[PDB]
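Right, one structure below, let's go through it.
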4 protein chains.
Amino acid sequence: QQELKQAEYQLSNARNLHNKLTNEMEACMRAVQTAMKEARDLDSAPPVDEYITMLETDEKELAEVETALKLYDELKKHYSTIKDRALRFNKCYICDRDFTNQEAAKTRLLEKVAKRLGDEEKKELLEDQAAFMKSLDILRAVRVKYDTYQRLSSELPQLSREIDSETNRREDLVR
Amino acid sequence: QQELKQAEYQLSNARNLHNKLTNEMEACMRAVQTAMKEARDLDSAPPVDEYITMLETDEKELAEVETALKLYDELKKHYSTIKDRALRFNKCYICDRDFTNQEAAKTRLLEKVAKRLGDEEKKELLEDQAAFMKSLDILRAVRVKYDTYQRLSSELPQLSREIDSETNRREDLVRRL
Amino acid sequence: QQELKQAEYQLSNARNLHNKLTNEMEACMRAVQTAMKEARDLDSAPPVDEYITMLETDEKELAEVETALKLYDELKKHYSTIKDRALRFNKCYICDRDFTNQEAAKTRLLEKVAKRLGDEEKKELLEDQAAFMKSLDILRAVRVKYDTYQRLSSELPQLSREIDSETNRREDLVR
Amino acid sequence: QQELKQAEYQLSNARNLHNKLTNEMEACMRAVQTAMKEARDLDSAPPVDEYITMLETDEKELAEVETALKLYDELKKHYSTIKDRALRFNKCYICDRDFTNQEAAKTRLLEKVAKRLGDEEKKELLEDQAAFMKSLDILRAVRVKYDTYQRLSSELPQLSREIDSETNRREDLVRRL
Ligand SMILES: [Zn+2]
Ligand SMILES: [Zn+2]
């Protein structure tokens with residue numbers, strides 16, 4: 001008799017805890033699926049297990065375009081010193097030979113370096129940086145909801161074992 | 001009085017949980033503090049909430065040396081094509097003028113590109129990439145322990161206020177009875 | 001008269017040189033006026049000595065937009081670290097207070113920094129840097145021609161006076 | 001032979017002009033070499049054609065410290081508005097939350113911002129701006145001398161060929177006697 005009230009109370013606490021934890025897990029899954037759907041502009045939401053890959057892709061695809069942005073800048077520094085020493089000082093930067101009576105060789109150099117540094121590349125990979133940064137921010141915002149979804153996926157079966165064991169304890173304890 | 005028995009049972013469970021959760025936050029705190037001490041080889045462990053600044057520091061200091069390595073490679077490609085067109089084809093790559101009877105200017109070019117080349121910059125950037133990646137991995141390993149320490153820092157005051165309220169009810173009600 | 005032959009000889013050389021140098025000055029003037037017309041996209045070419053003021057105009061208008069580009073990037077780092085901590089770590093970066101039960105204050109922070117992260121300004125002042133660099137290169141290309149025009153404007157009067165002195169010499173030396 | 005004496009007269013003028021223009025080139029070279037020595041306080045004068053790298057490096061080292069000064073001022077403006085909203089209105093500028101019953105968090109904000117507000121960095125950037133502008137002005141003062149030395153290095157060999165032709169032809173015209 002006396003401990004059956006504890007067995008019933010424990011089982012009731014564990015049932016209600018499992019229900020509440022399940023609801024929170026489902027909410028986190030919805031939120032993370034909504035983020036995955038909008039982050040890449042998907043027509044239907046992917047499986048929750050795909051968030052880790054979508055986040056790693058974004059973390060890398062952003063780092064790639066940011067390396068490429070500094071790459072363009074450092075190359076454009078070098079090509080500008082080539083053009084400047086030709087225009088300002090009548091000279092090829094690499095071999096330090098002047099262009100006196102050699103205006104065609106100077107013209108060829110300038111027409112070459114002008115084709116090394118168009119602006120449309122910078123426009124495009126700045127648009128890429130903007131899109132990958134937006135997408136990564138959307139996935140970073142739900143990181144803690146995926147992590148709670150993950151730990152609740154380990155905690156709910158452990159609690160369910162406790163519920164089933166206490167259910168059998170109750171079913172025995174009647175006599 | 002079954003309602004007082006429930007009130008004492010409800011406070012028991014709460015006090016015991018605040019104990020279990022306090023022990024878990026404190027373990028999380030010791031784990032993240034030792035990881036912070038280890039990651040930067042510190043003489044004593046920093047405050048628990050310096051974790052975010054040194055994680056963000058390692059994330060960006062690693063990204064910097066990885067951009068610098070990729071930059072060095074691209075510059076080394078370009079300078080190699082300059083050296084190669086001078087050695088293989090007797091030409092300056094930029095202006096398309098040969099070095100026939102100009103061996104001193106060819107020599108100059110080659111000595112210049114040889115100074116825009118060198119092992120030490122890649123060697124020491126690779127050591128820095130290895131060091132920041134080690135430090136970042138040590139801090140990333142405890143990310144989940146920092147996040148639970150933080151969530152428990154919200155939950156313990158809420159649970160503590162709930163106990164205080166329950167304790168007051170237990171006091172007021174045992175006086176009534 | 002041997003020295004009258006020598007006089008008519010050097011007077012003639014000076015006269016022909018004054019012509020040659022006059023034609024070189026005029027060729028330089030037309031080149032720098034053409035550069036000034038195309039550099040700022042003018043309906044008519046300006047006076048030759050407007051060159052130095054519009055050159056140092058382009059030098060400083062370029063330096064301004066390049067400082068503003070570097071400024072925008074540094075500000076965008078600060079605003080991004082503020083956004084990042086709010087999204088990733090649920091804290092305000094400045095005061096180190098979390099947003100638990102305060103998601104309206106978190107939302108206010110994120111909306112405020114988003115209004116500090118627009119790329120229209122970068123798009124526009126990258127067009128400005130491209131435009132001022134083009135005009136500065138056009139004006140830099142003719143710098144040496146302008147400097148020759150300037151030195152010949154000192155030399156031609158000096159030589160002109162020489163001719164006239166040798167003309168008086170010749171006119172005196174006939175008898 | 002009047003045509004031979006006209007050829008001797010032409011040769012004499014070219015020879016004397018080459019001498020005059022050579023003396024002018026050497027005067028230009030000396031001036032730019034002493035200016036390069038002065039601009040960076042060098043203990044021996046560099047080769048005349050290093051003038052372009054010295055001018056380009058002075059232009060960019062000046063321009064970057066002038067950008068750094070503008071950077072520091074805009075950062076100091078932003079940090080001043082953070083300090084001011086905390087001191088004057090008891091509030092965090094970023095999140096719009098007051099510091100009532102939170103004066104430790106207010107104190108942390110103010111101490112963090114005080115560690116950004118360092119005036120020594122402006123002193124050092126102004127010292128560097130002063131030094132690079134002095135250096136650049138020394139090199140800009142000799143710009144016209146270097147551009148002169150450069151045009152004369154094209155003209156003297158052309159005139160030297162003309163001499164070598166006329167010195168051959170004079171000797172041919174006395175062989176013709
Ligand atoms: Zn070349
Ligand atoms: Zn705040």
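Lettering follows sequence order; numbering is per chain, from 1.
Shown here is D/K145, whose NZ atom has no more than 12 heavy atoms of other residues, nucleotides or ligands within 6.0 Å. Within a 6.0 Å radius of CG in D/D41, other residues, nucleotides and ligands contribute 12 heavy atoms or fewer. Counting non-hydrogen atoms of neighbouring residues, nucleotides and ligands closer than 6.0 angstrom, the CG atom of C/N101 reaches no more than 12 such neighbours. The environment of C/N23 atom CG is dense: over 12 non-hydrogen atoms of other residues, nucleotides or ligands sit within 6.0 angstrom. Other residues, nucleotides and ligands contribute over 12 non-hydrogen atoms within 6.0 Å of the CG atom of C/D172. Shown here is D/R116, whose CZ atom has no more than 12 heavy atoms of other residues, nucleotides or ligands within 6.0 Å. Around the NZ atom of D/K91, the shell of radius 6.0 Å holds no more than 12 heavy atoms that belong to other residues, nucleotides or ligands. Open room surrounds NZ on C/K60; 12 or fewer heavy atoms of other groups in view lie less than 6.0 Å from it.
The contact between D/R143 and chain C is made entirely by side chain atoms (from C-beta outward), counting heavy-atom distances below 4.5 Å. For D/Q6, the part lying under 4.5 angstrom from a heavy atom of chain C is the side chain only. Heavy atoms of C/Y79 lying under 4.5 Å from chain D belong exclusively to its side chain. Neither the backbone nor the side chain of D/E66 comes within contact range of chain C; no heavy atom of the residue lies under 4.5 Å from a heavy atom of that chain. For a residue to count as touching a neighbouring chain, one of its non-hydrogen atoms must lie under 4.5 Å from one of that chain's; by this rule D/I82 touches chain C with the side chain only. If you measure heavy-atom distances from C/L71 to chain D, the contacts under 4.5 Å come from both the backbone and the side chain.
To the nearest 0.5 Å, atom CG of residue C/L110 and atom SG of residue D/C95 are 11.0 Å apart. Here the CG-CZ distance, from C/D147 to D/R151, works out to 10.0 Å after rounding to the nearest 0.5 Å. Separation of atoms NZ (C/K5) and CD (D/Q2) is listed at 6.0 Å; rounding is to 0.5 Å. D/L109 CG to C/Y93 OH: the interatomic distance, rounded to the nearest 0.5 Å, is 11.5 Å.
When the candidates C/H78, C/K70, C/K112, C/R108 are compared by the number of heavy-atom contacts under 4.5 Å with chain D, C/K112 comes out ahead. Comparing D/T67, D/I94, D/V113, D/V144 by heavy-atom pairs within less than 4.5 Å of chain C, the highest count is held by D/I94. Considering only heavy-atom pairs separated by less than 4.5 Å from chain C, the leading option among D/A86, D/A63, D/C92 is D/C92.
In this structure, the side chain of C/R97 engages the main chain of D/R97 through a donor-acceptor pair within 3.5 Å.
Side-chain contact between D/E74 and C/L75: present, with at least one pair of heavy atoms (C-beta onward) separated by less than 4.5 Å.
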